Structure formats: structure tokens, C-alpha cells
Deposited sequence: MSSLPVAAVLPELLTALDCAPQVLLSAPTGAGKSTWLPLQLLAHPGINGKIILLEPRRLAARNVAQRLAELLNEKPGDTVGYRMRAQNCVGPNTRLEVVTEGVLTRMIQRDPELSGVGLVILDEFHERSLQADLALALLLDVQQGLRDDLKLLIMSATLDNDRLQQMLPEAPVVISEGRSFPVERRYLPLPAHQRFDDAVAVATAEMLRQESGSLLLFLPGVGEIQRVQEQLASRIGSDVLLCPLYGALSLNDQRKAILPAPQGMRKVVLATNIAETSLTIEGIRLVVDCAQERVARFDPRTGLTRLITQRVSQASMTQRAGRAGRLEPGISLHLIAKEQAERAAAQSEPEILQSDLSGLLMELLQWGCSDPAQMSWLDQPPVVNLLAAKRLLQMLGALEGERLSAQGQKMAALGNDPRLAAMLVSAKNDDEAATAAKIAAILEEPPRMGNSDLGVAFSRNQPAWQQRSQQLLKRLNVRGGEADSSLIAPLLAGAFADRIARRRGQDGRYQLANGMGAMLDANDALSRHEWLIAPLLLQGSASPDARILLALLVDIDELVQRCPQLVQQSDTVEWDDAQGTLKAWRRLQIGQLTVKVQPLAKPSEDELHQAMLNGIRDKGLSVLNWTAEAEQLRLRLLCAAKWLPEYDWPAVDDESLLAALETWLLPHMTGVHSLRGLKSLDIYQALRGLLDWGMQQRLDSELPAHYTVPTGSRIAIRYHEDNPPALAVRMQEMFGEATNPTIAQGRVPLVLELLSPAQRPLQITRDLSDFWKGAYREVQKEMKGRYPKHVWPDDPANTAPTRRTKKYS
């Protein structure tokens, strides 16, 4: 039997004593293909069971495996639901789900009627789908369906956050068939390509060690190139078996299954063989130690893809993949030192993803705050703010709640951009166009062509499947789709992705101000205006267009704004009053700013300041000293909210701090003479100004009644420079900032420059300055 059966009784005995159960067992213990069936044939659990598989290279496979384990040809008792299709029949009471189908299923049936068990598989991968699902399930176990059992399966012995959140939940832990694997480290050379060096390393291992080999790579292109390279350096008894995506599920089993006797096999797998899939016959592992992770960018609204070194947890998963059958060997293609510097664990997907779909789903569920849910990691605040802004651009929000259009979008259970494109259609023709566009953007094609019109025409059975599904969710029973309708719809959802060329050789510039690249001979480089919904970025460098359509700005919808600006550029010594018709940082039209109102060209002068610098304004001595004093206050009187006065802050806040004081300027010359002291001072409410005048004063009152201005500085301490006939009161040394910073006294400037000091207790060390020209006349408390 399988190593997990050893805990089958205990598991059962815990599945009935608690609403939640956590089971941890290493990879290879039949958690996905043995445990579900044994829980089916158990009277303790009532109803049907759903098993969440986040990957879906494992989901289809685990449905097929669990069906084969009963001779059942999945559909009879074991079924599955994918995003586009599914397989269920009256007698199936166990269903494998994936692609966020469970989150939608809970949205549509929040009592999960008919289900007594939900199994969250592969939870250590920390997918965002599973996090959301768990929050929803825990919320369902609050209302009715108290009886609903939650089994959370992880594959790592330690689950810190999970116990920390469900500390009243039974932890079942399996052990077993683990052999030691010698860990070897081989850094790759820099004069060799990646595919070439990995192939050389793998071929060397095959020639130096026995058995079959598992090789982890960052993606399918790496897999294909490394395989082509291996072809030459490998003997005749070696079978190269890719593993990715789907190729027939036959050669997939060709790589999972052992190698026919008299043959060794090299399996070329993505991280899907890290814990999701169990490769057989392996005792040699080659880990490239590089992987592709997603990082959302609130600035650009793009999820860029970054190739980074893998964590330690994953390196250990991979090394252990070679010890299931006998003593093995893992070879990591980095240097031991870099491996020890590696990140301890992987980052939860929820801390680095786009949460627009997540925000929308939590809103439909009736949430006030996205963070008021049962989370392992709390959704980052910046990304929640970006999700909210995106949902506002798309009209999905009405205040903090969902609006009507937003509720329709939330209905379709889609990526919010695509959902908004689906909802914005009026006709049935527009709706079908949007359906096919959505099918293509969810599952882009890997053709050497980058136009969206050819994809829109190019046939595909799965795109048609998903468009039919979306059209039945939309309830449009007859429509016709042509390409002339692609561009208007896109404009409502991918508006921040419109793009204008930069010369020929069509490196472009996007509306969010990052620019993109096509390849120098794509058909589309001949076009002024593109709109690119699919972009690839990562590793501030570009920006390569993956899928995009042609566009003609004439007659387009009404998403363009006006930016006026008035500058006085010196080179040719003339003024400048432009009005740009822009759509988001891309200048469409430039026209003269003729006959402008006074509100505009107040704003236009503000834009001019923003583009030429605050040096433009009339920085008088009092004003410079005020800016210095505010810097100093922020660093010395922290407990009060001192408005930051760096250049960027003031340039961004011009609207709120300089505009109010401008009514009555009417010209650029009159603005350039405006004293800004009062506007900076206005940056403070009454009482903050009083605070800054008493604490951090403009001038110190020495013990003779002679007010003497202080010199503030960004870096240096404040300095007095008093004539020192008058520094005889000796209070204890003058101090400012509620007694925390003592003035640096320039005791001299009588003639100047004889001692600078900050202690006022060199009286008992001055002991020189009793010699002054006539005499001192200073000693011992004169005044």
C-alpha cells in the first residue's frame, strides 16, 4: 500500500471531531490518488466531496488517476470541472476542480448543498485561488453548513501560518519512504548559453551516474531548447520525456511511468514535478535553480515575469524528488554559496499578484474590507489600492460598493477587464466579438504573429468552448462576430494600454508611460496607433508586445483629456501656452491655448512649474528658511505631522498649496514675483504654525533683548552667531525644539570668529578668552 494509509484511521477519527483538518505528508504518499477514494467509501462524511487542484496539469491527471483506481473512466463516480469544460454524471459524488471554478461555485451556491467535504490540495504552494477559497469556506462554516468538513492537504512538514490561523484544528502527519540524496552544486559558466550549459551538465551526469534523471526548468521554451541540445550529447538508451501543459496525457504518463527495461529516461519538467506530480524511477535530479515568478507593478498595472533563483524550500523539494526509490543524487546548477544565500521560502502569490479579480470577488460576496477575512497573509495595501483604482476606471465601483455594471462583471466570474469588455457590449454582435476576444486573451496563442485580428479569425476548439460559455452566461442566443468591433470594446477595458509609435522599427510608447516593442518586421509596425492587451515584461527594461490590434484614433470614444501648460522656455526667449489633447500621458494633439479662462492657465502655470522646477518660483530668504525649518521639525519634533517639503511632494501638491494663493496673478511674470512664504506657511494649520514659531523659532532672544536670527540647515545643527557680550545670562546653553537641539553658538560675530561651541560649559574651559584686547570683563555671571 501507499505510505498515507498508515494515518487513514487517525485522519478519519479527526475528520469527525473538527470542522477543519490539516494533513501533511511528503510527495509520493497518494494524497491525491488514494486518500479521496478512501474518504468516499466512509459513512462519516455525508454528501459529495470536491477536491481542489490549483495547477490543472495535475487536476486532469488526478481525475484520470482516481478514476483508473476504480476502473471508472472518469465521469461515472469521479469527475472534474475545468474553466471551459467539465465531466460529471448523476452517480459522481467526487469532483476535482481547478481554475477558480470553486470560488465561482461558492459564489453561486454559498451553502454548497450536496457537499460534506472539501479538500484543498497542494496548499503549501500558497496559490491565490486556494487562499480565496479557504476564506470563503471558513465564512461558509459560520452560517449554515456547520456540518461541512474541510480537509487541507499540505506536503511540507512545517506549516507555520496555517496552525497560526486554525490552531484548534487537528494536525495529522505522515512519514516514510525517504532515502538520502547526495547534494551537489555546479555553478553554470557565463560564456555558455543557458540551454547549452544545462544540457552539458545533464549529459555529464548521465555519463557519470546511473539511473533515470529528473530535470527542473523554468518553462516550456527552456524545456524545448534544452531537449534539442540534449539530443546530440546523449546516447541511444536515453528517452527524453518533456512534461508541461498537455501533450497527450500519454507521453505525460510516458514521463511519469518508469522507463521500459533496458532504457533510462530524462524527464524535463517545470516545477509541476516539484510536488504536484510523482515521477517514477528517478534517482538523479538536475535542478537549474532558476524559476519564473510573477510580480504585479501598481505603477504600470502589469504583472511582469521575473526569472529568479529558487528558494531553499523548493531546492529541497527537488532534491527529495530523487530519493523515493533508493539513495540518489541532486545536482543544483548554482554554487553552494549562492544556494546557502537563497531565499528561505517562496513568497505567497497573494503578496505579489493583481487583486482586481480578488477585490471584485470579495465585493460580490458582500465584504466591506478585503482584509476582513481569514487570510494566512493579509492582502498588501498598495495592491488593494491599485485594484480599487482599476475597478473605478472600469465603472465597476459606486463609492465603496459594487455598482450595477460592477455586479454584472462580478457575475461573469472573469478577469475584471475582460468582464467589463463583455458587459459593455450593446448588440449581440458586439457581445460575440467580446466573447471570442476574451477566450483568446485568457488562453493566448503561441503563433509567430502578434496581431489580434488573425487570432480572432484563426480557429480554435477551446476558444470557441469558452466563448459559448461566456455567451450563455450573458444570455445572448444569436449574434455574429467580425473583427471591425475588436477595437472599440478594447478601448473600454485596455484604455491604459493604447500605444503610439516612436519612429519606425516599431518600439512604441504606452498610455501608462512605459513603451513596448514589437519585432522589427511584424506586420503591425506600419501602424501609428496600436492597442496592446497582452504585454510581456520583467527580466524597468522593455516591454515586449505579445498580442495587440490596430487602431485609428479618429472618431474614437470620449476617454481623452486636456492638459494645458504655459512655460516661457528660454532657448528662443518666448512664452509657451500649449493645450495637449492627450489620452493618458500620450499626446494626441497639440494646439495653442488661445483665450483661456483664469482657472485654466492657473492650472496651466501649475503644469509649467511641474515641468521646469520649483526654482521658477520666487524663493525669498524667509521662504528658504521656512523650508529648512520644516525639514528640521520633521526630524526633531516627529510626534506632529509636519507636511513634507521635498521638491517632488510640493510639485505634486501644487494644486492644494500654491493654487489657493494665486487668485489675482493673471500672468507668468506676476507668478514669478509671488512670495511663496505665505503658501508654504499655509501648508500648516493654525497652531502648527504657532508651534513652529515658538519651537524652532526664526530668531533667538539672547539675555539682552536683542533678537538674533538663527541659521537653519538641511544637515547641520542650527547656529546663532551672537556677539557674546550678550551671552552672559547663560541660561543653560540656548536650546530649541522643546529642549532637544541646542543651538550651535558662534560666540563672536566686537570682532568675530574666536570660538564656536555647543555646551556652554567651556566656562571652566574658555580660559583663553580672559585675555581680550582690553580685558575680559566677562567673568562669573555679569549678564
query	finding
Missing stretches, numbered from 1 on the deposited chain sequence and kept in order	1 to 2, 542 to 546, 757 to 758, 793 to 809
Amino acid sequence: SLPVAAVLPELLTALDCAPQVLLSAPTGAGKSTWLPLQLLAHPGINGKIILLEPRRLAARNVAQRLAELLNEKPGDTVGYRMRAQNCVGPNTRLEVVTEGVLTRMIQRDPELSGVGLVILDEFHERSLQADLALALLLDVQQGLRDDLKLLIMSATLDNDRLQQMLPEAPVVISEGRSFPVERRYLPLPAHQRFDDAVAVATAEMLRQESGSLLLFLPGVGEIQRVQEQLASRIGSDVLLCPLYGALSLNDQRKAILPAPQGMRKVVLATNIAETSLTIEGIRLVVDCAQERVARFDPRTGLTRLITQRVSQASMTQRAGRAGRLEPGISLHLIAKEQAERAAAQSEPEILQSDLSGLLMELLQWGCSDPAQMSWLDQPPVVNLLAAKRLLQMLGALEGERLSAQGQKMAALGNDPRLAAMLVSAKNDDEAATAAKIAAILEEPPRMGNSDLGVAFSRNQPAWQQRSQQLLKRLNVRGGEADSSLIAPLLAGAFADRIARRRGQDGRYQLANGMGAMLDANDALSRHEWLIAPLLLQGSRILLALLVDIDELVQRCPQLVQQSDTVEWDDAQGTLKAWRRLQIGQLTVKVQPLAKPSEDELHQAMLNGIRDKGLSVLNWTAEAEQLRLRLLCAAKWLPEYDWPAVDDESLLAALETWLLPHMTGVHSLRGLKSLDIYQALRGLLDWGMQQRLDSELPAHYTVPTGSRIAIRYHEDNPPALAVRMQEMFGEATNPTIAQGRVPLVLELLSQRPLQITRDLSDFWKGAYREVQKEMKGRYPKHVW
From here on, numbers count along this sequence of modelled residues.
| item | value |
| --- | --- |
| Average Cα temperature factor in the PDB entry - higher stretch of 41 to 49, 721 to 729 | 721 to 729 |
| 152 to 160 versus 688 to 696 - which carries the larger mean C-alpha B factor in the record | 152 to 160 |
| Candidate residues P348, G670, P298, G584, the one whose C-alpha B factor the record puts highest | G670 |
| Residue with highest C-alpha B-factor in the PDB entry, from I279, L658, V665, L626 | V665 |
| CA B-factor ranking of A371, expressed as a third of its chain | middle |
| CA B-factor ranking of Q261, expressed as a third of its chain | highest |
| Assigned third (lowest, middle, highest) for the C-alpha B factor of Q738 | lowest |
| Modelled-residue ranking by C-alpha temperature factor, third containing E228 | lowest |
| Modelled-residue ranking by C-alpha temperature factor, third containing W636 | lowest |
